[PDB]
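coords.cif follows; it contains mmCIF, C-alpha atoms.
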```cif
data_final
loop_
_atom_site.label_atom_id
_atom_site.label_comp_id
_atom_site.auth_asym_id
_atom_site.auth_seq_id
_atom_site.Cartn_x
_atom_site.Cartn_y
_atom_site.Cartn_z
CA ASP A 1 0.00 0.00 0.00
CA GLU A 2 1.10 3.57 0.69
CA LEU A 3 3.51 2.41 3.41
CA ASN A 4 4.92 -0.26 1.09
CA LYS A 5 5.27 2.30 -1.70
CA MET A 6 7.36 4.57 0.54
CA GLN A 7 9.54 1.64 1.58
CA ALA A 8 9.92 0.53 -2.04
CA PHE A 9 10.72 4.11 -3.07
CA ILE A 10 13.33 4.26 -0.30
CA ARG A 11 14.77 0.99 -1.61
CA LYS A 12 14.66 2.44 -5.13
CA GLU A 13 16.47 5.55 -3.89
CA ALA A 14 18.97 3.35 -2.04
CA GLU A 15 19.45 1.23 -5.17
CA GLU A 16 19.90 4.39 -7.25
CA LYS A 17 22.39 5.68 -4.67
CA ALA A 18 24.13 2.29 -4.71
CA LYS A 19 24.29 2.44 -8.51
CA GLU A 20 26.31 5.66 -8.30
CA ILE A 21 28.42 4.15 -5.51
CA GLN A 22 28.95 0.95 -7.50
CA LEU A 23 29.94 2.93 -10.60
CA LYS A 24 32.33 5.09 -8.57
CA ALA A 25 33.82 2.04 -6.83
CA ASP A 26 34.13 0.17 -10.13
CA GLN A 27 35.82 3.18 -11.74
CA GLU A 28 38.33 3.27 -8.88
CA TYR A 29 38.77 -0.49 -9.22
CA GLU A 30 39.34 -0.06 -12.96
CA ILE A 31 42.11 2.45 -12.22
CA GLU A 32 43.49 0.08 -9.58
CA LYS A 33 43.32 -2.81 -12.07
CA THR A 34 45.25 -0.68 -14.56
CA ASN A 35 47.98 -0.26 -11.94
CA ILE A 36 47.89 -4.03 -11.40
CA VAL A 37 48.06 -4.42 -15.18
CA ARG A 38 51.24 -2.33 -15.09
CA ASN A 39 52.65 -4.77 -12.53
CA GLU A 40 51.61 -7.60 -14.85
CA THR A 41 53.36 -5.78 -17.69
CA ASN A 42 56.42 -5.45 -15.45
CA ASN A 43 56.26 -9.21 -14.86
CA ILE A 44 55.99 -9.63 -18.63
CA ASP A 45 58.86 -7.15 -18.96
CA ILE B 1 -21.95 -43.07 31.89
CA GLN B 2 -22.33 -46.85 32.05
CA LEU B 3 -21.88 -47.14 28.27
CA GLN B 4 -18.75 -44.98 28.41
CA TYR B 5 -17.34 -47.05 31.28
CA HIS B 6 -18.02 -50.30 29.40
CA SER B 7 -16.41 -48.89 26.24
CA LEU B 8 -13.34 -47.82 28.24
CA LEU B 9 -13.10 -51.27 29.83
CA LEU B 10 -13.34 -52.93 26.41
CA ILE B 11 -10.68 -50.58 25.03
CA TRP B 12 -8.36 -51.39 27.95
CA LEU B 13 -8.95 -55.13 27.50
CA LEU B 14 -8.12 -54.84 23.79
CA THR B 15 -5.02 -52.76 24.59
CA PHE B 16 -3.87 -55.44 27.05
CA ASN B 17 -2.51 -57.27 24.01
CA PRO B 18 0.56 -55.32 22.79
CA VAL B 19 -0.20 -55.98 19.10
CA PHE B 20 -3.79 -54.74 19.42
CA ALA B 21 -2.65 -51.71 21.43
CA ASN B 22 -0.06 -50.84 18.78
CA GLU B 23 -2.66 -51.25 16.01
CA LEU B 24 -5.15 -49.03 17.85
CA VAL B 25 -2.47 -46.40 18.56
CA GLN B 26 -2.17 -45.60 14.85
CA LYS B 27 -5.92 -46.04 14.27
CA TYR B 28 -6.72 -42.75 16.05
CA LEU B 29 -3.94 -40.32 16.97
CA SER B 30 -6.43 -38.21 18.96
CA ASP B 31 -7.76 -41.21 20.92
CA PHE B 32 -5.30 -40.58 23.77
CA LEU B 33 -6.26 -36.90 23.93
CA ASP B 34 -9.96 -37.78 23.92
CA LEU B 35 -9.43 -40.33 26.71
CA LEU B 36 -7.49 -37.78 28.78
CA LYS B 37 -10.21 -35.17 28.28
CA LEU B 38 -12.90 -37.68 29.27
CA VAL B 39 -10.94 -38.69 32.38
CA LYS B 40 -10.50 -35.04 33.37
CA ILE B 41 -14.20 -34.29 32.80
CA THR B 42 -15.51 -37.46 34.46
CA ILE B 43 -15.44 -37.57 38.27
CA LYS B 44 -16.01 -41.34 38.61
CA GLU B 45 -13.01 -43.09 40.14
CA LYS B 46 -13.56 -46.29 38.14
CA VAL B 47 -13.85 -44.43 34.83
CA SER B 48 -10.73 -42.38 35.57
CA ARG B 49 -8.79 -45.52 36.54
CA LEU B 50 -9.91 -47.30 33.36
CA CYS B 51 -8.89 -44.31 31.23
CA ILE B 52 -5.50 -44.13 32.96
CA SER B 53 -4.94 -47.86 32.41
CA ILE B 54 -5.91 -47.54 28.73
CA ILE B 55 -3.54 -44.59 28.26
CA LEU B 56 -0.70 -46.45 30.00
CA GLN B 57 -1.27 -49.58 27.91
CA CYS B 58 -0.85 -47.62 24.68
CA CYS B 59 2.43 -46.16 25.97
CA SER B 60 3.44 -49.39 27.74
CA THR B 61 6.78 -50.94 26.81
CA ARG B 62 5.01 -54.13 25.69
CA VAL B 63 3.42 -52.32 22.74
CA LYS B 64 5.63 -51.69 19.72
CA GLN B 65 7.24 -48.25 19.38
CA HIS B 66 6.46 -47.44 23.01
CA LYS B 67 8.93 -44.55 23.19
CA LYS B 68 7.74 -43.11 19.87
CA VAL B 69 4.08 -43.44 20.89
CA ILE B 70 4.75 -41.78 24.26
CA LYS B 71 6.66 -38.92 22.61
CA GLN B 72 3.92 -38.39 20.02
CA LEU B 73 1.23 -38.39 22.72
CA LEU B 74 3.16 -35.90 24.85
CA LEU B 75 3.79 -33.65 21.84
CA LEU B 76 0.24 -33.69 20.47
CA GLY B 77 -2.21 -34.29 23.33
CA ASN B 78 -0.13 -32.50 26.00
CA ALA B 79 0.10 -35.68 28.06
CA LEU B 80 2.72 -34.20 30.40
CA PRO B 81 0.62 -31.16 31.45
CA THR B 82 -2.56 -33.22 31.87
CA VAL B 83 -0.66 -35.78 33.95
CA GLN B 84 0.89 -33.01 36.06
CA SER B 85 -2.56 -31.50 36.66
CA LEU B 86 -3.98 -34.91 37.60
CA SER B 87 -1.11 -35.53 40.03
CA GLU B 88 -1.82 -32.22 41.78
CA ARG B 89 -5.51 -33.13 42.02
CA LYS B 90 -6.50 -35.51 44.82
CA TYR B 91 -8.18 -38.81 43.93
CA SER B 92 -10.06 -40.91 46.47
CA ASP B 93 -9.23 -44.21 44.76
CA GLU B 94 -5.78 -45.54 45.63
CA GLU B 95 -5.42 -47.59 42.44
CA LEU B 96 -6.45 -44.61 40.31
CA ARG B 97 -3.96 -42.41 42.16
CA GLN B 98 -1.17 -44.95 41.59
CA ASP B 99 -2.05 -45.20 37.89
CA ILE B 100 -2.05 -41.40 37.59
CA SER B 101 1.33 -41.21 39.32
CA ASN B 102 2.78 -43.85 36.99
CA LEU B 103 1.40 -42.02 33.95
CA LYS B 104 2.86 -38.74 35.21
CA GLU B 105 6.26 -40.37 35.74
CA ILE B 106 6.16 -41.87 32.24
CA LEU B 107 5.19 -38.51 30.73
CA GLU B 108 7.97 -36.72 32.62
CA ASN B 109 10.51 -39.31 31.45
CA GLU B 110 9.32 -38.93 27.85
CA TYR B 111 9.44 -35.12 28.04
CA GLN B 112 12.93 -35.18 29.59
CA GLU B 113 14.41 -36.37 26.29
CA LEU B 114 12.09 -34.12 24.28
CA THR B 115 12.73 -30.41 23.78
CA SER B 116 10.96 -27.30 22.50
CA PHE B 117 12.20 -28.09 18.98
CA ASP B 118 10.27 -31.38 19.01
CA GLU B 119 7.12 -29.57 20.17
CA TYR B 120 7.52 -26.97 17.41
CA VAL B 121 8.03 -29.72 14.81
CA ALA B 122 4.92 -31.55 16.04
CA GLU B 123 2.88 -28.34 15.93
CA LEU B 124 4.08 -27.64 12.38
CA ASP B 125 3.23 -31.20 11.31
CA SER B 126 -0.24 -30.92 12.86
CA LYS B 127 -0.67 -27.45 11.28
CA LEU B 128 -2.03 -26.15 14.61
CA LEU B 129 -0.59 -23.07 16.33
CA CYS B 130 -2.14 -21.08 19.18
CA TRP B 131 0.64 -18.61 20.04
CA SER B 132 2.95 -21.06 21.78
CA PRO B 133 5.56 -19.77 24.26
CA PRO B 134 8.30 -20.57 21.73
CA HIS B 135 6.72 -18.14 19.25
CA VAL B 136 6.87 -15.28 21.77
CA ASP B 137 10.27 -16.35 23.18
CA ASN B 138 13.07 -14.32 21.60
CA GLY B 139 15.70 -16.74 22.91
CA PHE B 140 13.95 -19.76 21.40
CA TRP B 141 13.81 -18.06 17.99
CA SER B 142 17.46 -17.00 18.29
CA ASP B 143 18.58 -20.54 19.18
CA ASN B 144 16.31 -22.17 16.55
CA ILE B 145 17.01 -19.79 13.65
CA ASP B 146 19.72 -22.08 12.27
CA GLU B 147 17.44 -25.11 12.65
CA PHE B 148 14.69 -23.38 10.65
CA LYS B 149 17.12 -22.57 7.82
CA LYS B 150 18.66 -26.06 7.96
CA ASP B 151 17.98 -28.66 5.26
CA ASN B 152 17.60 -25.97 2.57
CA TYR B 153 15.17 -24.11 4.87
CA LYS B 154 12.84 -27.09 5.17
CA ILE B 155 11.15 -25.59 8.24
CA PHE B 156 10.77 -22.26 6.43
CA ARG B 157 9.20 -24.03 3.44
CA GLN B 158 6.81 -25.90 5.75
CA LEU B 159 5.84 -22.62 7.44
CA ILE B 160 5.26 -21.00 4.04
CA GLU B 161 3.07 -23.94 3.00
CA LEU B 162 1.10 -23.66 6.25
CA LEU B 163 0.63 -19.92 5.69
CA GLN B 164 -0.57 -20.57 2.14
CA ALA B 165 -3.03 -23.19 3.41
CA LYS B 166 -4.31 -20.75 6.04
CA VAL B 167 -4.73 -18.09 3.34
CA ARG B 168 -6.72 -20.61 1.30
CA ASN B 169 -8.67 -21.39 4.49
CA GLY B 170 -8.95 -17.66 5.27
CA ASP B 171 -12.37 -17.56 3.60
CA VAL B 172 -13.84 -19.37 6.61
CA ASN B 173 -11.98 -16.94 8.92
CA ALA B 174 -12.53 -19.14 11.96
CA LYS B 175 -11.15 -18.05 15.32
CA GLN B 176 -8.78 -21.03 15.44
CA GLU B 177 -7.91 -20.43 11.78
CA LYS B 178 -7.27 -16.74 12.50
CA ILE B 179 -5.04 -17.61 15.47
CA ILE B 180 -3.10 -20.12 13.35
CA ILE B 181 -2.69 -17.55 10.57
CA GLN B 182 -1.44 -14.93 13.04
CA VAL B 183 1.03 -17.40 14.56
CA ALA B 184 2.29 -18.38 11.11
CA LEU B 185 2.69 -14.71 10.16
CA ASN B 186 4.64 -14.05 13.36
CA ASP B 187 6.88 -17.06 12.69
CA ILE B 188 7.49 -15.89 9.11
CA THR B 189 8.34 -12.38 10.35
CA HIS B 190 10.79 -13.83 12.88
CA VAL B 191 12.39 -16.07 10.23
CA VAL B 192 12.72 -13.06 7.93
CA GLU B 193 14.21 -10.76 10.58
CA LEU B 194 16.68 -13.42 11.75
CA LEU B 195 18.75 -15.07 9.01
CA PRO B 196 17.15 -13.05 6.17
CA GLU B 197 18.18 -15.71 3.62
CA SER B 198 14.74 -17.28 4.15
CA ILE B 199 13.09 -14.06 2.90
CA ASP B 200 14.12 -14.85 -0.68
CA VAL B 201 12.82 -18.41 -0.34
CA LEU B 202 9.50 -17.13 1.02
CA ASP B 203 9.22 -14.61 -1.82
CA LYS B 204 9.92 -17.36 -4.37
CA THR B 205 7.32 -19.61 -2.69
CA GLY B 206 4.70 -16.84 -2.68
CA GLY B 207 5.10 -15.89 0.98
CA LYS B 208 5.04 -12.19 0.13
CA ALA B 209 1.88 -12.71 -1.93
CA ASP B 210 0.28 -14.58 0.97
CA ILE B 211 1.20 -11.76 3.37
CA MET B 212 -0.24 -9.17 0.97
CA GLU B 213 -3.46 -11.19 0.66
CA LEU B 214 -3.67 -11.47 4.46
CA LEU B 215 -3.21 -7.68 4.69
CA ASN B 216 -6.76 -7.33 3.29
CA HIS B 217 -8.29 -9.84 5.72
CA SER B 218 -11.43 -8.79 7.57
CA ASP B 219 -10.02 -9.80 10.97
CA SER B 220 -8.25 -6.92 12.71
CA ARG B 221 -5.66 -9.19 14.34
CA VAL B 222 -4.83 -10.92 11.05
CA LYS B 223 -4.53 -7.56 9.28
CA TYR B 224 -2.24 -6.22 12.02
CA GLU B 225 -0.06 -9.34 11.85
CA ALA B 226 0.19 -9.08 8.06
CA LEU B 227 1.08 -5.38 8.32
CA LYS B 228 3.78 -6.18 10.87
CA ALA B 229 5.16 -8.90 8.59
CA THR B 230 5.19 -6.50 5.63
CA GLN B 231 6.98 -3.87 7.73
CA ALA B 232 9.56 -6.46 8.79
CA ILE B 233 9.96 -7.45 5.13
CA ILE B 234 10.74 -4.12 3.45
CA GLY B 235 9.09 -1.55 5.70
CA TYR B 236 10.82 0.73 8.17
#
```

Entire entry expressed as structure tokens:
Amino acid sequence: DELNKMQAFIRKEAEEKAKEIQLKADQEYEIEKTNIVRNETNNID
Amino acid sequence: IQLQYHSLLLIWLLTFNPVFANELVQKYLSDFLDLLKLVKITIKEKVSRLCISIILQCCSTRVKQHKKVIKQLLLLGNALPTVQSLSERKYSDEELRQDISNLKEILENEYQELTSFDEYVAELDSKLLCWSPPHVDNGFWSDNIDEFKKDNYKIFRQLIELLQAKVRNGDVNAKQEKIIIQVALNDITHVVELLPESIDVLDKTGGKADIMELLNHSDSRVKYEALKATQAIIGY
């Protein structure tokens, strides 16, 4: 009902907030993986 | 009264043979509960003694599966509490008092090995719940949360099936049915709050749909229980 809609909207807002957090964390992980790739290149070197 | 006494005497005579007693034990699971209720209601010493002897014969070691029969009787018909109440009550007949004491000792011995988990399992199997102390006991739920989720959440699946059956039976909206539905909703809410992995299983098995359907029930208590379950599910 109305109470469930507010809870679902809060979950939707939390999921939307998590989507930005996940994208930001993944972007940082992608940069970190690039640094790890450089270490892998150094191992290849 | 004379007909009931003669029937009880015939039942005891039949139960004197262990094979016949074992056969009659599975014939009517509620026979022991009915006999205990009749003994409690009746004030005749002879009738009470005959009922006690018949109850003891069913749980006697001579009959097959004596321990299993005694445990089932104590779990379903509340043999231990009835025997404890009878022991407290004073009986004029000495033989009836001795039989009641022996039955109480047997019930206490059977309940010593049993636990609250066995009682909960028996209640779930019988699909009867009337707000047992384990439902309202936070410690019991905390110590039995792992058991409920064990065996791929077999207990959770059984509770979901019972809730679905109550929802199907919600059209009658009987007082006992309403109490059972409320108890099932409380158990589902507890199993969702603790170890929330069962929440996904309940949602897959239509538990959320059953809760939503119960939210529109005419009964105020059932509606409140369904609202509490919904709040515990996704609500604040």

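Interatomic distance, atom CA of residue B:87 against atom CA of residue B:27: 28.2 Å.
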
Test item: chain B residues at most 9 Å from chain A, counting all atoms listed in the file, as a PDB file with C-alpha atoms, in the coordinates of the input:
```pdb
ATOM      1  CA  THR B 230       5.190  -6.500   5.630  1.00  0.00           C
ATOM      2  CA  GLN B 231       6.980  -3.870   7.730  1.00  0.00           C
ATOM      3  CA  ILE B 234      10.740  -4.120   3.450  1.00  0.00           C
ATOM      4  CA  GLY B 235       9.090  -1.550   5.700  1.00  0.00           C
ATOM      5  CA  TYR B 236      10.820   0.730   8.170  1.00  0.00           C
TER       6      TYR B 236
END
```

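What separates atom CA of residue B:196 from atom CA of residue B:217 is a distance of 25.6 Å.
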
Check which residues satisfy the PyMOL selection byres ((chain B and resi 127) around 10) in the file shown, then give them as a PDB file with C-alpha atoms, keeping the file's coordinate frame.
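Okay, this is what ended up in selection-v7.pdb:
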```pdb
ATOM      1  CA  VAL B 121       8.030 -29.720  14.810  1.00  0.00           C
ATOM      2  CA  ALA B 122       4.920 -31.550  16.040  1.00  0.00           C
ATOM      3  CA  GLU B 123       2.880 -28.340  15.930  1.00  0.00           C
ATOM      4  CA  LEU B 124       4.080 -27.640  12.380  1.00  0.00           C
ATOM      5  CA  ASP B 125       3.230 -31.200  11.310  1.00  0.00           C
ATOM      6  CA  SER B 126      -0.240 -30.920  12.860  1.00  0.00           C
ATOM      7  CA  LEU B 128      -2.030 -26.150  14.610  1.00  0.00           C
ATOM      8  CA  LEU B 129      -0.590 -23.070  16.330  1.00  0.00           C
ATOM      9  CA  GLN B 158       6.810 -25.900   5.750  1.00  0.00           C
ATOM     10  CA  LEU B 159       5.840 -22.620   7.440  1.00  0.00           C
ATOM     11  CA  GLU B 161       3.070 -23.940   3.000  1.00  0.00           C
ATOM     12  CA  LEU B 162       1.100 -23.660   6.250  1.00  0.00           C
ATOM     13  CA  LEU B 163       0.630 -19.920   5.690  1.00  0.00           C
ATOM     14  CA  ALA B 165      -3.030 -23.190   3.410  1.00  0.00           C
ATOM     15  CA  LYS B 166      -4.310 -20.750   6.040  1.00  0.00           C
ATOM     16  CA  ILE B 180      -3.100 -20.120  13.350  1.00  0.00           C
ATOM     17  CA  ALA B 184       2.290 -18.380  11.110  1.00  0.00           C
TER      18      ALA B 184
END
```

- Task: Give as a PyMOL selection string the residues that the PyMOL selection byres ((chain B and resi 194) around 12) matches when applied to the coordinates above.
- Result: chain B and resi 138-149+156+187-193+195-199+232-233

Write a file of the selected residues as a short mmCIF file (atom, residue, chain, number, x, y, z; two decimals), keeping the file's coordinate frame, keeping C-alpha atoms.
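File written: part08.cif
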```
data_model
loop_
_atom_site.label_atom_id
_atom_site.label_comp_id
_atom_site.auth_asym_id
_atom_site.auth_seq_id
_atom_site.Cartn_x
_atom_site.Cartn_y
_atom_site.Cartn_z
CA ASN B 138 13.07 -14.32 21.60
CA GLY B 139 15.70 -16.74 22.91
CA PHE B 140 13.95 -19.76 21.40
CA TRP B 141 13.81 -18.06 17.99
CA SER B 142 17.46 -17.00 18.29
CA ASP B 143 18.58 -20.54 19.18
CA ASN B 144 16.31 -22.17 16.55
CA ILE B 145 17.01 -19.79 13.65
CA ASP B 146 19.72 -22.08 12.27
CA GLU B 147 17.44 -25.11 12.65
CA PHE B 148 14.69 -23.38 10.65
CA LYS B 149 17.12 -22.57 7.82
CA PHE B 156 10.77 -22.26 6.43
CA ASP B 187 6.88 -17.06 12.69
CA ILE B 188 7.49 -15.89 9.11
CA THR B 189 8.34 -12.38 10.35
CA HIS B 190 10.79 -13.83 12.88
CA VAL B 191 12.39 -16.07 10.23
CA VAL B 192 12.72 -13.06 7.93
CA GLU B 193 14.21 -10.76 10.58
CA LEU B 195 18.75 -15.07 9.01
CA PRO B 196 17.15 -13.05 6.17
CA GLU B 197 18.18 -15.71 3.62
CA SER B 198 14.74 -17.28 4.15
CA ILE B 199 13.09 -14.06 2.90
CA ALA B 232 9.56 -6.46 8.79
CA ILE B 233 9.96 -7.45 5.13
#
```

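Between atom CA of residue B:73 and atom CA of residue B:33 there is a distance of 7.7 Å.
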
- Can you turn the PyMOL selection byres ((chain B and resi 107) around 10) into a concrete residue list for this file, as a VMD selection string? chain B and resid 56 59 70 to 71 73 to 74 78 to 84 101 to 106 108 to 112

- Message: So that I can check the surroundings of residue B:216, please list as JSON, numbers by chain every protein, DNA and RNA residue that reaches within 9 Å of it, counting all atoms listed in the file and ignoring chain neighbours fewer than 6 positions away.
- Response: {"B": [222, 223, 226]}

- Message: When you look at residue B:48 with a cut-off of 12 Å (counting all atoms listed in the file), what residues show up, excluding the ones that are within fewer than 4 positions of it in the same chain? I need them as a ChimeraX atom specification.
- Response: /B:1,4-5,8-9,35-44,52-55,86,91-100

Written file, previous selection with C-alpha atoms, as a compact mmCIF listing (two decimals), keeping the file's coordinate frame:
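The new file result.txt reads:
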```txt
# COMPACT_ATOMS: atom_id res chain seq x y z
CA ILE B 1 -21.95 -43.07 31.89
CA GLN B 4 -18.75 -44.98 28.41
CA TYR B 5 -17.34 -47.05 31.28
CA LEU B 8 -13.34 -47.82 28.24
CA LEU B 9 -13.10 -51.27 29.83
CA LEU B 35 -9.43 -40.33 26.71
CA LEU B 36 -7.49 -37.78 28.78
CA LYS B 37 -10.21 -35.17 28.28
CA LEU B 38 -12.90 -37.68 29.27
CA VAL B 39 -10.94 -38.69 32.38
CA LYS B 40 -10.50 -35.04 33.37
CA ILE B 41 -14.20 -34.29 32.80
CA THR B 42 -15.51 -37.46 34.46
CA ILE B 43 -15.44 -37.57 38.27
CA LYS B 44 -16.01 -41.34 38.61
CA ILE B 52 -5.50 -44.13 32.96
CA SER B 53 -4.94 -47.86 32.41
CA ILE B 54 -5.91 -47.54 28.73
CA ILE B 55 -3.54 -44.59 28.26
CA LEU B 86 -3.98 -34.91 37.60
CA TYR B 91 -8.18 -38.81 43.93
CA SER B 92 -10.06 -40.91 46.47
CA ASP B 93 -9.23 -44.21 44.76
CA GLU B 94 -5.78 -45.54 45.63
CA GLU B 95 -5.42 -47.59 42.44
CA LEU B 96 -6.45 -44.61 40.31
CA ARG B 97 -3.96 -42.41 42.16
CA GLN B 98 -1.17 -44.95 41.59
CA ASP B 99 -2.05 -45.20 37.89
CA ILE B 100 -2.05 -41.40 37.59
```

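Proximity of B:215, B:75, B:155, B:21 to residue B:60, computed with only C-alpha atoms, is greatest for B:21.
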
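Proximity to residue B:164 at 10 Å, evaluated using only C-alpha atoms and with sequence-adjacent residues fewer than 5 positions away removed, yields residues 158, 159, 169, 170, 181, 184, 205, 206, 207, 209, 210, 211, 213 and 214 of chain B.
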
- Looking at B:6, B:150, B:64, B:208, which one is nearest to residue B:24, with distances taken over all atoms listed in the file? B:64
